[PDB]
């Protein structure tokens, strides 16, 4: 394919390589064709690159799930289409039950596999989306960055910006937290980070004059967005620094998509984002788990009707370009 990178704001959505996932409130996430995904998702993350069978060894790979009833050639054609529209298609490495447990020395094979898949499908980059058990499994913290630096250099030789993004769960972004080796090794290689501000229950931060602000507190959602982002973009309040132009705020698309974290009132985001912008540190966009959920149904089979992209697409894409 052709490597198609993003230079401006992003609305990132994950795409399920499976069908009919059950939601946290009993809804359903269908498989969907890439051509069906709303065009305001300008980064779409194919979920997931993983180990499918230990007989194949340690190096993860990708296989389009036959249940989606899309041929590989047609999947590739649809990637092609997204790329013609200026949209990126990343491969997401990890996910639940991915069995990624790499040993030092595996970085050459992992880089080679990434390049092979990138060249085959036309992917534009890779998202590191490891499950909790994988963050510090075996030599993952060494191998995965080492592999990705080689990939990045490989495409730089031909003038292509192979995108590297990550989806850490936010509590692992404390100073010296478990995700920090990925971030420090890949500083100058990653394009943006889209942490998961969801599925962390009552984790959060204390702010003088406001009090305890949890990820699951709807009444303080503006404050949570603002302060957790402010902390990350400045490296304050015991968080590792992720520059604002490289920080994308990850959210569930709806209450089926994640156990906690859904933004009930989008104005809480609009206001938090505007405060970050006003202090000269606008964020780079939003991310969601997932396009399939945004296109999914609740327990009574009512369509979620693309409510996430309706709420945030225009808001994000109408902002000024990053610097």
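Positions refer to the first chain, counted from 1.
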property: Entry-level comparison of average CA B-factors, 180-188 and 202-210, reporting the higher stretch; result: 202-210
property: Of 153-161 and 104-112, the one with larger mean CA B-factor; result: 153-161
property: Identity of residue with top Cα B-factor, from 90, 251, 128, 133; result: 133
property: From 285, 66, 39, 296, residue of greatest CA B-factor; result: 66
property: Residue 222 by Cα B-factor - lowest, middle or highest third of the modelled chain; result: middle
property: Entry-reported Cα temperature factor of residue 256, expressed as the chain third it lands in; result: lowest
property: Modelled-residue ranking by C-alpha temperature factor, third containing residue 13; result: lowest
property: Residue 290 by Cα B-factor - lowest, middle or highest third of the modelled chain; result: lowest
property: Lowest, middle or highest third - CA B-factor, residue 235; result: highest
